[PDB]
Amino acid sequence: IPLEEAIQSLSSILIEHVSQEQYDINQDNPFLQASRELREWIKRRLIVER
Amino acid sequence: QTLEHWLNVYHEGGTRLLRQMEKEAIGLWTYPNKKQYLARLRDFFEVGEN
Amino acid sequence: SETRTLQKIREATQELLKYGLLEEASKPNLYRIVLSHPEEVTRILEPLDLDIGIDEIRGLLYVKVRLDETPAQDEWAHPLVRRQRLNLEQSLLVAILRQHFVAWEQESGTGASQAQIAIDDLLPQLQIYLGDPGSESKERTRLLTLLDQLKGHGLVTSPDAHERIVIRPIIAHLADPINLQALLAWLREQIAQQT
Amino acid sequence: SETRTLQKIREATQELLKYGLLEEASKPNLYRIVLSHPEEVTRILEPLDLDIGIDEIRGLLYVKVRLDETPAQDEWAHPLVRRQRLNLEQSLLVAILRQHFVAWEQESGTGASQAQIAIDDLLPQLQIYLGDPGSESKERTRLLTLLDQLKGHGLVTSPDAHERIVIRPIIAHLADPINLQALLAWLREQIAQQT
């Protein structure tokens, strides 16, 4: 996925979980949540981008 | 929200005011860069850039 | 009432101070001006506790803190110099650059600064030491931040349209074998202290 | 060949250059050194197109461009001096401190009694002229940022335990007091009409 497309979609799914309640309800910016999560997962070697 | 609305606020104040209102607003998303905007759109229409 | 130092000399010297260095390949006027009045420059710098080093093969001039009595701690202690001392990783990049510089200087002779490099080539080399955060964009951000900092010390032009930069010759004097050996000994000392 | 400029002289000169200023009551020895050696000092400045103006009563020396006004340029340009344009808030505070320095000089004389004030009273006036950034503590933060930037520009001392400050004499010598006064007129004008 091109990075921007990926992060936007991620922010979308994260909204499915602000509609959830049991893990980190974003109420400031789901897009910001997507950014931070992508940062972490890259940091965990999960996802590497060329 | 309308082009006229945004132009009105723009004359009222800078993009600072724009994004402050967007925070206050709903059903709206600013994008101080085009690529992010385009990602958002392609998200909302289930279509690739092609 | 009082005499004026040659306005052209004043121009050349104040410009060369602004840049900290001056290249024939760019402003041969001021460069030759200094060449004609080097002792003038020297006298001028003596109140300032500065000096002119010269490298005419590379068509370079560059100020340099007077060593006579500047604090033994470091020439960087000088009140009037402003930019902060070079640091480790920066010196690492410096080493890489100097290597490329000398290589191309052989390939093309020790003339003007056509010493061009492509950024992508640095990414492999620097990747070995600082590692790999597994995101090409992240490492480019890192690399460009470094390069920027270097251009703050005047050693490198920022990327052009073709993401190529030319190595400022001032590096070689920053990276003459004497500095290399001194810093290398200090690096071995640090390895010893850490071990 | 040339013997070294007296270490005292170069020391005082480097102080003056770093801060563009010298104050007797704070650093009397450098001030006196320059006083005994003004010809040599200006000669040192002579190549650089620099010079010092003096104010014995306020006890200050300050650097200044030696060149004449518009001899070969529409607007004077000195390579070693960037003509920074203070943003709105800084200019506003500058005008306030200018008139306050004037008023204090009326209340205590010029120079012999440096201008002083408690920061508290300034916060309301400046907030009135500026616009709340979000809280009174935010007013304190912004004002302290401004005070720090002034102090860096040699214009104020730090706010002490009582947040009392000393306004530096260079404000008295500032270039365009009339433009700042006109800006203050604009400010009070705007405040008066908007109610």
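This report concerns the structure included in the present document.

1. Overview of the interface of chain C and chain D
Inference 1: On the side of chain D, 20 residues touch chain C, which itself brings 22 residues to the contact.
Inference 2: Put simply, chain C and chain D have 10 salt bridges between them.
Inference 3: The closest approach of N and O atoms between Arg10(D) and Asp49(C), which form a salt bridge, is 3.0 Å.
Inference 4: Those elements that provide at least two residues to the side of chain C that touches chain D are α1 (7-19) and α3 (38-48) of chain C.
Inference 5: For the side of chain C that touches chain D, the class distribution of residues is 6 nonpolar, 5 polar and 11 charged.

2. Quick look at the interface of chain B and chain A
Inference 1: Across the contact, 6 residues belong to chain B and 6 residues belong to chain A.
Inference 2: Note on chain B versus chain A: buried area summed over both sides is about 520 Å², and carbon and sulfur give 55% of it.
Inference 3: Across the contact surface, chain B and chain A share 1 salt bridge.
Inference 4: Summed over the shared surface of chain B and chain A, the number is 2 residue pairs in polar contact.
Inference 5: Among the residues making up the side of chain B that touches chain A, the classes are represented as 1 nonpolar, 1 polar and 4 charged.

3. So, the sheet that holds strand β2 (residues 50-55) of chain D
Residue and element names in this part refer to chain D.
Inference 1: Here we have 3 strands laid out as an open sheet, ordered β1-β3-β2, and antiparallel in their pairing. Two strands in the sheet have a free side with no partner beyond their single neighbour: β1 (21-23) and β2. On average, each strand axis in the sheet is tilted by 20 degrees relative to the strand beside it, whichever way the strands run.
Inference 2: Pairing between β1 and strand β3 (residues 60-65): 3 bridges, direction antiparallel. Within the sheet, the bridge partner assigned to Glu23 lies in β3 and is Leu60.

4. Quick look at the pattern of salt bridges
Inference 1: A full pass over the atoms with the stated rule returns 39 salt bridges over all chains.
Inference 2: Residues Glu40(C) and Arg43(C) are paired through a salt bridge, measuring 2.8 Å at the closest nitrogen-oxygen approach. Here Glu40(C) and its partner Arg43(C) are both found in helix α3, 3 residues apart, which amounts to about one turn of the helix.
Inference 3: Residue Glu40(C) is classed as buried on the basis of its relative accessible area, which comes to 19%.
Inference 4: Between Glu15(D) and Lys27(D) there is a salt bridge, with its nearest N and O atoms 2.8 Å apart. A residue pair is termed long-range when its members are at least 10 positions apart, and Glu15(D) in helix α1 (residues 7-19) and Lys27(D) in the loop between β1 and α2 (28-36) qualify at 12 residues.

5. Here's the deal with the pairing of β3(D)
Residues and elements named next belong to chain D.
Inference 1: The pairing of β2 with β3 spans 6 bridges and is classified as antiparallel. Opposite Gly53, over in β3, you have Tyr62 as the bridge partner.
Inference 2: From the end of β2 to the start of β3, which pair antiparallel, there are 4 residues, and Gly59 there has a positive phi angle of about 65 degrees.

Conventions we followed
- Residues numbered from 1 in each chain as written, not as in the entry; some residues may be left out.
- Chains lettered and ligands numbered in written order.
- Part of a larger assembly, values for the part shown.
- Heavy atoms only, no water.
- Contact = heavy atoms within 4.5 Å.
- Salt bridge = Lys/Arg side-chain N within 4 Å of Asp/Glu carboxyl O.
- Helix = DSSP H or I, 4+ residues; strand = E, 2+ residues; numbered from the N terminus.
- Nonpolar A, V, L, I, M, F, W, Y, C, P; charged D, E, K, R; others polar.
- Buried area = accessible area lost by both parts, 1.4 Å probe.
- Polar contact = N/O pair within 3.5 Å; in protein donor to acceptor, adjacent residues only side chain to side chain.
- Pairing = 2+ DSSP bridges.
- Axes fitted to C-alpha atoms, helices over the stretch in contact; angles between N-to-C directions.
- Buried < 20%, exposed > 50% of the residue type's maximum accessible area, 1.4 Å probe, protein only.

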